[PDB]
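Take a look at this single chain, the form deposited without this ligand, given in structure tokens.
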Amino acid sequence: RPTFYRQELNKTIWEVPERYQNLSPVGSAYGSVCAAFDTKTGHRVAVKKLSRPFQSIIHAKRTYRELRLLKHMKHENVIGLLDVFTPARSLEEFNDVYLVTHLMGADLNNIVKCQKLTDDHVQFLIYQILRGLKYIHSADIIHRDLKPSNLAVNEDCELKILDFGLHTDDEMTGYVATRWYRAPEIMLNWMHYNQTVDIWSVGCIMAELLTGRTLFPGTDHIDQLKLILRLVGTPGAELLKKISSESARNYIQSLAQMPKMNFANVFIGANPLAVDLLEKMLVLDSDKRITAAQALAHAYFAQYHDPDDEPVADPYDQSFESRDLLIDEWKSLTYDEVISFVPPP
């Protein structure tokens, strides 16, 4: 067991192993984050102290869920776990959880907002998102919250996916980027959704990289749906059959019918191969959207595609999600996962 030291930073007590030095507050409802230098590995890191991890059954289960998922992710284009620790010496005194990851600088917002992106840059950035998603989806995990602020990028244009969906009603209301990248079937709860909700998000992000503008910046759920249907057309009977809410089907049928637009007249001047790929991602019927593995083999990525270097994940057991436990049982499971952690090479 390492030696810990305590300190108060911005009205919060931080007790961490000596290896972590020069802690500097950088952000704060799921927890507080400090930047630090990890003397063991030489990396600058983010250290997150979880806020009230075991205050309710819901919170204790969410803590366990986040820890299991971060321990599993081992891929160049996905954020991984460098360390996890508690200053507790026993389950009896266990109350605080700290998570350690690589410190991320820019996100994709800083890139698209204030940079000139060639088509070659768009190819490489979207390639890396799809490479990470093929890995994530192979474990039957759905990200659910892909958007530019959840994509870290460095000076060499290398990309990592972070901030897995693990949101409230108010946070999705109005003119907010938190909803602009969501597939319509989950935005309006049309049906039980698949992993291709993430592919819809990738299409929205690719369109924005190519044009410098948000694809579907709706002022509310209904305004955003209208923008979406103007581009991809209104649903045919085949998809309407798959929508569960009779009220939702009723609402859809009240709209005048519209054909799919010509994407070459929307994304003027774009690489024709990029246009072709967007038409395969931005399909209203989620059964018919291209998958991550299929998209990697698309001719738009011929420069980067290497089928011997696009790995899949080890199997991921999520049976706990249907389990009904007490706070102290979720807490004990989390404790076991903290003490069994093995750091990467």
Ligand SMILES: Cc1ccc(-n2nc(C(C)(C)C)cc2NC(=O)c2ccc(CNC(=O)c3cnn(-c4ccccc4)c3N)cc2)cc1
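So that the term is clear: the rigid core is the largest set of C-alpha atoms that superpose within 1.5 Å between two forms. One rule holds for the numbers: they count along the sequence shown, beginning at 1.
As for the form solved in complex with this ligand, it is not shown, yet the points below apply to it.
Steric access to the site is blocked in the shown form: after superposition of the site C-alphas, this ligand as positioned in the bound PDB entry has three or more atoms within 2.4 Å of backbone or C-beta atoms.
In the bound PDB entry, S138 stays away from this ligand, with no heavy atom inside 4.5 Å. The closest non-hydrogen atom of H143 lies within 4.5 Å of this ligand in the bound PDB entry. In the bound PDB entry, this ligand lies farther than 4.5 Å from every heavy atom of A313.
Within this chain, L70 lines the site of this ligand in the bound PDB entry, having a heavy atom no more than 4.5 Å away. Residues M73, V78, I79, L99, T101, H102, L103, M104, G105 of 71-107 are found to place at least one heavy atom within 4.5 Å of this ligand in the bound PDB entry. Only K241, out of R89, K74, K226, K241, shows a C-alpha shift of 2 Å or more between the shown form and the other one on alignment of the rigid core. In the core-superposed comparison between the shown form and the other one, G212 has its Cα shifted by less than 2 Å. In the bound PDB entry, the Cα atoms of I141 and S245 sit 3 Å or more farther from each other than they do here. With a change of no less than 3 Å, the CA-CA distance between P217 and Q257 is smaller in the bound PDB entry than in the form shown.
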